[PDB]
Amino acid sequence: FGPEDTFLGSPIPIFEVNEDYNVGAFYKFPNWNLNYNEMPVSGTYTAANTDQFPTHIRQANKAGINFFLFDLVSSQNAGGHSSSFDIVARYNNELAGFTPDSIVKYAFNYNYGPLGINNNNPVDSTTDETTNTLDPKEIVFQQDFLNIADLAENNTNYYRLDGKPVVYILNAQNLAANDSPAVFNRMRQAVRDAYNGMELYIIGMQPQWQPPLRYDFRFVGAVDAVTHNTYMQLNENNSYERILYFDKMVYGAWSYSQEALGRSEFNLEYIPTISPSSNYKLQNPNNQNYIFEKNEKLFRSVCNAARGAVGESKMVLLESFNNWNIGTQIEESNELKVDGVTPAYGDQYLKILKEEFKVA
């Protein structure tokens, strides 16, 4: 059942904010040459900078963000994998300026791209458990998780859900394996083996606007939870019903994903990924994706939808804290736009976030 099939043609129920929700938000380093309409109040910052981090930790507490997801490039690109950790260690060092109640923890958004896996080249291609032999790519796969487990074993600031370090895997539907559960159980056993029985909580991303069971064979027995990429990624052509009735579309799709993934045949948590806006035309004006302007009324309705789809994890993911390249950020802007006269969203979206996901 896809998006048209799952839209209920009637008002979305009100979901009250009664417990605190566990909110994670993607953290990024934007390209600052793009033509933004407003600018960050912390000013420009690169992957090498650290002065922005305290400001962002403050912003994050203003928003009720419990953890940031930072990119992790696979060890196959050695330099990029090194940088991924350097960035997080610089973040972690800035956490030492904060009390325990103000700490905003971290976790990784794992990118296996460098392994060169696709459908024709699975991660387990020459893996044979019975000759104790692993595909070269599976070795690297494992090493990427060992390195994460090592960071978490040694750093209480690595975000844990119920004692388990959280890992998000980008494009998890394309992590081609002849046997996804066997690959993941081998990796989990290797982590348990090396880190005193550590268990991980792995979130797998699927593409937006797609059925929640389309990629069961990639997720069932493999990951702990599934989410979609933001539904604010949408071709402006032939999407008339979806843009017009968006909040109802996402409500329909997410609550259905939460029900359907949660059946005993599958046994997977669903975690909604939300966005306040998007603009894919920033990186390239030929991107046909529709621009979602920031709209408070809409964003609150989306947050309500997400609350309608949350499960036992109590978890919601925000695309994004500061993914300015695609217009999804909530990072505090200056009070005026680049024109020097029009009011900008400022800190409005941090405050909305705390209202929509933390108990008053």
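In case it trips you up, residue 1 is the first one in the sequence shown, and so on.
- Of the two segments, 10 to 18 and 344 to 352, the one listed with the higher mean B-factor is 10 to 18 (C-alpha atoms only).
- For the two regions 121 to 129 and 72 to 80, the entry's Cα B-factors average higher over 121 to 129.
- The residue among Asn238, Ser278, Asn147, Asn157 whose C-alpha atom has the highest B-factor in the PDB entry is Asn238.
- Of the candidates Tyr201, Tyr215, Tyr270, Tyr91, the deposited coordinates give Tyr215 the top C-alpha B factor.
- When the modelled residues of the chain are ordered by C-alpha B-factor, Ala176 sits in the highest third.
- In the deposited entry, the Cα temperature factor of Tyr106 places it in the lowest third of its chain's modelled residues.
- Looking at the C-alpha B-factors along this chain, the one for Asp224 belongs to the lowest third.
- Ranked against the other modelled residues of its chain, the C-alpha B-factor of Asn295 as given in the entry falls in the middle third.
- Among all modelled residues in its chain, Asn61 ranks in the lowest third by Cα B-factor.
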